[PDB]
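*Asks:* Please find one structure pasted underneath; my questions will follow.
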Amino acid sequence: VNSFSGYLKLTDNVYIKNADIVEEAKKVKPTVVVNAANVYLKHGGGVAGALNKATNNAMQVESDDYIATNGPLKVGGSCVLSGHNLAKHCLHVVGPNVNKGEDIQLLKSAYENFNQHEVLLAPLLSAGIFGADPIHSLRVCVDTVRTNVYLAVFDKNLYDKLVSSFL
Ligand SMILES: Nc1ncnc2ccccc12
């Protein structure tokens with residue numbers, strides 16, 4: 001048994017809810033929250049900007065030190081950093097950004113990072129301002145992630161379309 005409430009059961013391991021991820025993280029304090037990161041860990045907008053603002057910019061300060069030491073992530077890659085006031089850990093995962101021309105086949109590689117964690121609170125990778133089709137992102141998630149994932153979708157209209165269209 002875990003602390004997540006009102007998530008709609010999709011599969012054996014994937015759950016979905018129309019919710020503000022900042023607000024969900026603040027309430028649950030999950031072991032892992034996933035950030036929709038870019039390779040530079042520059043959290044200006046989307047899930048990344050929303051999460052970083054909720055940490056009072058401590059996520060960005062930590063991220064800048066990580067990049068200064070290690071250099072940029074790979075598209076499809078990840079790193080584990082602090083969850084600050086939101087979670088124990090933040091898994092920063094880089095899905096491909098269609099609005100930068102990145103290979104959408106890297107979306108499966110991105111979701112494979114989730115399998116290193118038994119339970120996660122996450123957004124749909126490559127959805128929203130990343131330019132991918134969120135229906136596609138949900139299909140890759142279900143077909144890739146084997147660990148228990150609680151998906152928070154910010155937009156109500158998109159949530160309803162994702163549930164209604166789910167195969
Ligand atoms: N949860 C969010 N709060 C504010 N802005 C956002 C932008 C994209 C996704 C989620 C959020």
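Ordered as shown in the structure tokens, chains take letters A, B, and onward, while each chain numbers its residues from 1 and ligands are numbered from 1 in the order shown.
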Which residues are close to stretch 134-146 of chain A, i.e. within 8 Å by only C-alpha atoms, leaving aside same-chain residues fewer than 3 positions away? Reply as number ranges by chain.
*Replies:* A: 11, 13-14, 107-108, 111-112, 114-115, 124-128, 149, 162, 165-166
*Asks:* Against ligand 1, which residues of chain A fall within 9 Å? For each one I want the closest pair of atoms and the distance in Å (one decimal), counting only C-alpha atoms and all ligand atoms, rows by chain and increasing residue number, as a tab-separated table.
*Replies:*
residue	atom	partner	partner_atom_place_in_ligand_line	distance
A:19	CA	ligand 1	1 (N)	7.5
A:20	CA	ligand 1	1 (N)	4.3
A:21	CA	ligand 1	1 (N)	4.8
A:22	CA	ligand 1	1 (N)	5.5
A:23	CA	ligand 1	1 (N)	7.5
A:24	CA	ligand 1	1 (N)	9.0
A:36	CA	ligand 1	9 (C)	8.9
A:45	CA	ligand 1	7 (C)	6.6
A:46	CA	ligand 1	8 (C)	3.6
A:47	CA	ligand 1	9 (C)	4.1
A:48	CA	ligand 1	8 (C)	7.8
A:49	CA	ligand 1	5 (N)	7.1
A:50	CA	ligand 1	4 (C)	4.7
A:51	CA	ligand 1	1 (N)	7.4
A:123	CA	ligand 1	9 (C)	7.8
A:128	CA	ligand 1	8 (C)	6.7
A:129	CA	ligand 1	8 (C)	7.6
A:152	CA	ligand 1	1 (N)	8.5
A:153	CA	ligand 1	10 (C)	7.5
A:154	CA	ligand 1	10 (C)	5.1
A:155	CA	ligand 1	9 (C)	7.9
*Asks:* Of the candidates A:147, A:60, A:38, A:164, which one gets nearest to residue A:116 if we count only C-alpha atoms?
*Replies:*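 Going through A:147, A:60, A:38, A:164 one by one, the smallest distance to residue A:116 is for A:147.
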*Asks:* Record the distance separating atom CA of residue A:62 and atom CA of residue A:32, expressed in Å with one decimal.
*Replies:*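 Atom CA of residue A:32 lies at a distance of 16.5 Å from atom CA of residue A:62.
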*Asks:* So, with only C-alpha atoms as the atoms that count, which of A:44, A:77, A:30, A:83 lies closest to residue A:106?
*Replies:*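 Smallest separation from residue A:106 among the options: A:77.
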*Asks:* Between atom CA of residue A:55 and atom CA of residue A:159, what is the distance, to one decimal in Å?
*Replies:* 25.7 Å
*Asks:* What is the distance between atom CA of residue A:73 and atom CA of residue A:27, in Å to one decimal?
*Replies:*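 According to the coordinates, atom CA of residue A:73 and atom CA of residue A:27 are separated by 29.3 Å.
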*Asks:* Counting only C-alpha atoms, which residues of stretch 47-79 of chain A fall within 7 Å of stretch 91-98 of chain A, and what is the closest atom pair for each with its distance in Å at one decimal, ordered by chain and rising number, as CSV?
*Replies:*
residue,atom,partner,partner_atom,distance
A:75,CA,A:94,CA,5.3
A:76,CA,A:94,CA,5.2
A:77,CA,A:94,CA,5.6
A:78,CA,A:93,CA,4.4
A:79,CA,A:92,CA,5.4
*Asks:* Write a file of the just-selected residues containing C-alpha atoms, as a PDB file, in the first residue's frame.
*Replies:*
ATOM      1  CA  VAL A  75      18.949  13.129 -24.486  1.00  0.00           C
ATOM      2  CA  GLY A  76      17.288   9.944 -23.107  1.00  0.00           C
ATOM      3  CA  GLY A  77      19.441  10.082 -19.956  1.00  0.00           C
ATOM      4  CA  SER A  78      18.932  11.047 -16.311  1.00  0.00           C
ATOM      5  CA  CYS A  79      20.537  11.896 -13.003  1.00  0.00           C
TER       6      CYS A  79
END
*Asks:* Write down as a ChimeraX atom specification the residues belonging to stretch 2-166 of chain A that are assigned helix (DSSP H, G or I) by DSSP computed on the backbone.
*Replies:* /A:21-28,46-54,58-70,98-100,106-116,128-130,134-144,156-164
*Asks:* What parts of chain A does DSSP call strand (DSSP E)? I'd like the answer as a VMD selection string.
*Replies:* chain A and resid 8 to 9 14 to 18 32 to 36 78 to 82 89 to 93 119 to 122 148 to 153
*Asks:* Taking only C-alpha atoms into account, which of A:86, A:80, A:68, A:8 comes nearest residue A:113?
*Replies:*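 So, comparing all the options, the nearest one is A:80.
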*Asks:* With only C-alpha atoms as the counted atoms, please give the residues lying no more than 7 Å from residue A:72, apart from itself and same-chain residues fewer than 3 positions off, as a ChimeraX atom specification.
*Replies:* /A:39-40,67
*Asks:* Nearest to residue A:132: which of A:167, A:104, A:151, A:119 is it, counting only C-alpha atoms?
*Replies:*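 Selected residue with least distance to residue A:132: A:104.
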